[PDB]
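Enquirer: Here it is: the structure, laid out below.
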Amino acid sequence: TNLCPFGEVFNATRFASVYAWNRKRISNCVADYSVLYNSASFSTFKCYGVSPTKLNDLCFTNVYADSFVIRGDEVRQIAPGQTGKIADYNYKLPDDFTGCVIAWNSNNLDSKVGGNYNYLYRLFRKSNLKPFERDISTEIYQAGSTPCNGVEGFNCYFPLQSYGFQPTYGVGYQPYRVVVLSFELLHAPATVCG
Amino acid sequence: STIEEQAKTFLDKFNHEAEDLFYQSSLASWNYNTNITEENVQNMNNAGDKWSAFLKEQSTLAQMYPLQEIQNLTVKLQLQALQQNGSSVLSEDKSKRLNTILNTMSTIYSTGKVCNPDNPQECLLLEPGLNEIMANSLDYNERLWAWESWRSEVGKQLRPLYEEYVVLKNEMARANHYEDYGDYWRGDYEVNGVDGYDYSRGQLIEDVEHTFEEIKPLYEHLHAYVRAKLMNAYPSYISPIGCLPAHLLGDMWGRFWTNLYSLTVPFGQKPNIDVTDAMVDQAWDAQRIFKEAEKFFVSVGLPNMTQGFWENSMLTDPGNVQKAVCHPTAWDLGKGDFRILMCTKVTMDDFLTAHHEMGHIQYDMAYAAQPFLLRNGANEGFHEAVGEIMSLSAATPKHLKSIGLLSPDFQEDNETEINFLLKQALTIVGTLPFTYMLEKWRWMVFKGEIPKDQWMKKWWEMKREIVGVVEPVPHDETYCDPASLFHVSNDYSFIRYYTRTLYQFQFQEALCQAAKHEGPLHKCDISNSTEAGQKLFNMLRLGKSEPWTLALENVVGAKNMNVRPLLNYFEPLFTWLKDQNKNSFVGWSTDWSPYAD
Ligand SMILES: *[C@@H]1O[C@H](CO)[C@@H](O)[C@H](O)[C@H]1NC(C)=O
Ligand SMILES: *[C@@H]1O[C@H](CO)[C@@H](O)[C@H](O)[C@H]1NC(C)=O
Ligand SMILES: *[C@@H]1O[C@H](CO)[C@@H](O)[C@H](O)[C@H]1NC(C)=O
Ligand SMILES: *[C@@H]1O[C@H](CO)[C@@H](O)[C@H](O)[C@H]1NC(C)=O
Ligand SMILES: *[C@@H]1O[C@H](CO)[C@@H](O)[C@H](O)[C@H]1NC(C)=O
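As given, the protein sequences belong to chains E and A, one line each in that order.
Counting in the authors' numbering, the first sequence runs from 333 upward without gaps.
Counting in the authors' numbering, the second sequence runs from 19 upward without gaps.
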């Protein structure tokens, strides 16, 4: 019986880009959500299936805590039945979404003068994504007909693009960090609640 | 698969490249324009070269796509905006000579310096020398000499330069499949292949022709009144039946007539409306000016400015430790960053210009979500249009009576309102005839219908017939008077101001009639009328994604330029002049000259 280590999850300092969205399985621990709820200092805290409080004393078999960073205006992109770049090619949500989506401003950390370029996101793809899949396979997207043998050039573009993060951005373009907690309800023994 | 999806993919990637490059360049240019330092200019020119070369190579890559093999309009709009190679496509030798022409003429205009015939080492540059020389002075001879000298030093130099400039430019436009370059300047207004909103290049010339046709009587009464007044000011140099001195237009040319207002006050005993001492006594500062402008813009339902705008932008003269080119400008660095740059003092003029720039920035805040190349006005005038309408609104006596800058027991009536009208006239009615004269003059030049050996000669005739100003000096082919002005010498399309002037007043009528206003337009305000604000936003949110005239109709309900907004706006002043001019003439002869003694 241990507390679910949400702490060094929500406020670690190295978050990956969406195209390689990070995921950690949480189980075999007791989970104290209501503290993270009543933190109440986030810029957005939604989810789809339970009141913020009632989820506390109703529990699951396992949960997945995924993290990434996106641009502000695209927080709306992350929700069941949502479309758009980060929704269709980078992070796709199922429609019976069990988890919760928390998102906070991070402009004072993840951006810096000159513009950070560590953070990435995929720009094109032959077709949209399945639910919940990670894709680091990065072969050139074929935009035209001429097979150009893996090079940058005309109708051959690299599927990844670097976010521009200069801290003088509008809130809609300043970076926003996002965590999502996908719960499952299965037949496994007593591994998740608190 | 198809061509069109490929083009959209291309534009997608191009958006997130050009956005970032433009942000870098804009931020660098800003950091320069706020604090004059050398390596700032260095990194600025670096980023600017980056952005420019990137744009050129993108245009070359883009021309690899067929135009008519695309059907979705927006894509065609973006691709015509991008693929137009322009001067870049001509021969590298000729393009280099062209770049030299630009820098040469511009630097001669911006560094030209006139020196009195008595002192070879005491003399004045244009800015701000000749400006005040022509504005604050009442001196006949001073203005005469300054006029001729400034037309002598730079213009006579730049004459063949501008000639060959026109030549290479028309060859360039031919290479762009344009009939000539003035046509290319028109081409921004051109609209193709959309039902109910077609627009030809010559459709524009017809538009401007007709607009000025109905404008004619207003400006004719204006000329009459000013002629009478300056005659009272200069009995030995104005006959009340002819044109006006080309050296007494308050400035070097007659682009604005505000300076003559001081001379032609309609009633020099009624106090003029200003709250400068008032804003002082009430302990205001630039910060509070802009906060009140934000309050106003909220009062029309638009979103208040971004937090980043407040914490980031430079709003006041940054002390005396650093100097900068802080002429009032409003920057949209893209990607959600919007700033205003102005060494804001505290006065009524700053109060107006602050709202002007706030209109600029709000306008840009509207169309953030559109693709890159659409992040600009429906035309090349709507920016200054929205920037001028908010100012015009706030400058009414009543809106000031609202937020407590005027005496709540103020008595506003006939004489003072005609004063305010005639002032705003000299500001805004002034630009119509002069602007149109110059624009169509340059259009004929690009149309080459005028032999070089007669340019100046026909020049003043247009000044003569269309605008009514007489030259003070005999002019042979030694003159290049057009280049004697910034936008000409600096090669800027000059119609945009005429178009802006018309569009703002169409906007004024549209919004006041949509704000359920009753009565005189010249007293109108939009604030607190969320309905009219929503009306305006309904167009602001388009930028230039829709054809511009569709955007205009989304405001006024007329699909074309209309001047009757203007004459209606002024009709108080119109009748007033129609009375004032009973005993004096309107109209002039094309032969007269002050030196035709
Ligand atoms: C991370 O930052 C939040 C503020 O949003 C703070 O409440 C939290 O305590 C920090 N993390 C840790 C482990 O303290
Ligand atoms: C202007 O820029 C220089 C170089 O970045 C800087 O050292 C200086 O402090 C700036 N001016 C002011 C008033 O800070
Ligand atoms: C053009 O494409 C955009 C997005 O690709 C789409 O929203 C729009 O509807 C298209 N144009 C028309 C006329 O449907
Ligand atoms: C801007 O106006 C909105 C309109 O309701 C308001 O909610 C918001 O608080 C204002 N901005 C700030 C920083 O308070
Ligand atoms: C706008 O509405 C507010 C709220 O009543 C009022 O205090 C203010 O005087 C109004 N101003 C104008 C110009 O209507």
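Even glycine gets a Cβ: it sits at the ideal position worked out from N, Cα and C.
Consider the Cβ of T324/A: report whether some Cβ of chain E lies at a distance smaller than 8 Å.
Expert: True, the Cβ-Cβ gap to chain E drops below 8 Å.
Enquirer: Excluding the 5 residues preceding and the 5 following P451/A in the sequence, name in chain order all residues of the same chain whose CB lies nearer than 8 Å to its CB.
Expert: Correct list, in chain order: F230, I233, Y237, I484, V485 and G486.
Enquirer: Please tell me whether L79/A and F486/E are closer than 8 Å, where the distance is taken between their beta carbons.
Expert: Contact: yes.
Enquirer: Can at least three beta-carbon pairs, one atom from the region 404-412 of chain E and one from the region 506-525 of chain E, be found at a separation below 8 Å?
Expert: Result yes; three or more Cβ-Cβ pairs closer than 8 Å.
Enquirer: So with CB distances below 7 Å, who are the chain E contacts of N330/A?
Expert: Those are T500, listed as they occur along chain E.
Enquirer: Give every residue of the same chain whose Cβ lies closer than 6 Å to the Cβ of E398/A, excluding the five residues on either side of it in the sequence, and list them in chain order.
Expert: Only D206 and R514 meet the Cβ criterion.
Enquirer: With a cut-off of 8 Å, does the C-beta of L45/A fall near any C-beta of chain E?
Expert: Closer than 8 Å: yes.
Enquirer: Out of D67/A, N159/A and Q76/A, point me to the one whose CA is closest to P612/A's CA.
Expert: When only C-alpha atoms are compared, the closest one is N159/A.
Enquirer: Between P346/A and the rest of its own chain, which residues show a CB-CB distance below 7 Å, the 5 nearest in sequence each way excluded?
Expert: Correct list, in chain order: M360, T371 and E375.
Enquirer: Relative to the alpha-carbon of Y501/E, which residue among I119/A, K353/A, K309/A and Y255/A has its alpha-carbon at the smallest distance?
Expert: Checked all of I119/A, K353/A, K309/A and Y255/A; the closest Cα to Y501/E is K353/A.
Enquirer: Where do the N-terminal and C-terminal ends of the alpha helix (DSSP H) with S113/A fall, by residue?
Expert: That run of the alpha helix (DSSP H) goes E110 to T129.
Enquirer: Could you have a look at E140/A and say whether DSSP puts it in helix, strand or coil?
Expert: Residue state, collapsed to three classes: coil.
Enquirer: Would you check whether ligand 5 has a heavy atom nearer than 7 Å to the C-beta of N370/E?
Expert: Checking the Cβ of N370/E against ligand 5 gives no.
Enquirer: Taking Cβ-Cβ distances below 8 Å as the criterion, which residues of the region 334-362 of chain A are in contact with chain E?
Expert: Against chain E - using a Cβ distance shorter than 8 Å - the residues of the region 334-362 of chain A are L351, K353, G354, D355 and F356.
Enquirer: Thinking C-beta only, is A25/A closer than 8 Å to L73/A?
Expert: Contact: no.
Enquirer: Can you find a C-beta in chain E that's less than 8 Å from the C-beta of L91/A?
Expert: So no, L91/A is outside the interface.
Enquirer: Given a cut-off of 8 Å, decide if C336/E and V362/E are closer than it, judged by their beta-carbon atoms.
Expert: Cβ atoms of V362/E and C336/E: closer than 8 Å.
Enquirer: Cβ closer than 9 Å: which chain A residues qualify as neighbours of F456/E?
Expert: Chain A residues near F456/E: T27, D30 and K31.
Enquirer: Name the chain A residues whose beta carbon is nearer than 7 Å to that of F486/E?
Expert: Under the 7 Å cutoff, chain A gives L79 and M82.
Enquirer: With distances taken Cα to Cα, identify the nearest neighbour of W69/A among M82/A, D38/A, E56/A and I436/A.
Expert: Checked all of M82/A, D38/A, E56/A and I436/A; the closest Cα to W69/A is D38/A.
Enquirer: Between the beta-carbon of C379/E and the beta-carbon of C432/E, is there less than 8 Å?
Expert: Yes, they are a contact pair.
Enquirer: Using the DSSP secondary-structure output, state which residues sit across from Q472/A in a beta bridge.
Expert: Answer is none; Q472/A lacks a bridge partner.
Enquirer: Please compile the residues from chain E whose C-beta is within a distance smaller than 7 Å of the C-beta of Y381/A.
Expert: Neighbours of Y381/A on chain E: none; closest Cβ ~15 Å, over 7 Å.
Enquirer: How would you call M82/A, buried or exposed, if buried means at least 16 neighbouring beta carbons within 10 angstroms?
Expert: Classification for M82/A: exposed.
Enquirer: What do you reckon, is the C-beta of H417/A under 7 Å from a heavy atom of ligand 5?
Expert: True, at least one ligand heavy atom lies under 7 Å from that Cβ.
Enquirer: Residues of chain A with CB under 8 Å from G476/E, in chain order?
Expert: Result: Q24.
Enquirer: Relative to the alpha-carbon of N330/A, which residue among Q498/E, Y508/E and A435/E has its alpha-carbon at the smallest distance?
Expert: Ranking the options by Cα distance to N330/A, first place goes to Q498/E.
Enquirer: Please name the residue or residues paired with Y396/E in a DSSP beta bridge.
Expert: DSSP output for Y396/E lists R357/E and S514/E as bridge partner(s).
Enquirer: What is the DSSP secondary structure of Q552/A, counted as helix, strand or coil?
Expert: Of the three classes helix, strand and coil, the one that applies to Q552/A here is helix, per DSSP.
Enquirer: Can you determine whether any heavy atom of ligand 5 sits closer than 7 Å to the C-beta of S420/A, and answer yes or no?
Expert: Flag set: Cβ of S420/A near ligand 5.
Enquirer: Cβ of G377/A versus every heavy atom of ligand 1: is any distance shorter than 7 Å?
Expert: Incorrect: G377/A has no Cβ contact closer than 7 Å to ligand 1.
Enquirer: Is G104/A helix, strand or coil by DSSP?
Expert: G104/A falls in the helix class under three-state DSSP.
Enquirer: With DSSP as the reference, please indicate the residues paired to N448/E in a beta bridge.
Expert: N448/E is bridged to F497/E.
Enquirer: Whole-angstrom Cβ separation of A403/A and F525/A, contact assumed at under 8 Å?
Expert: About 6 Å; that satisfies the 8 Å criterion.
Enquirer: Just curious, the beta strand (DSSP E) that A435/E is in, first and last residue?
Expert: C432 to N437 is the extent of the beta strand (DSSP E) around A435/E.
Enquirer: Please state if the CB of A46/A and the CB of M62/A are separated by a distance shorter than 8 Å.
Expert: Yes.
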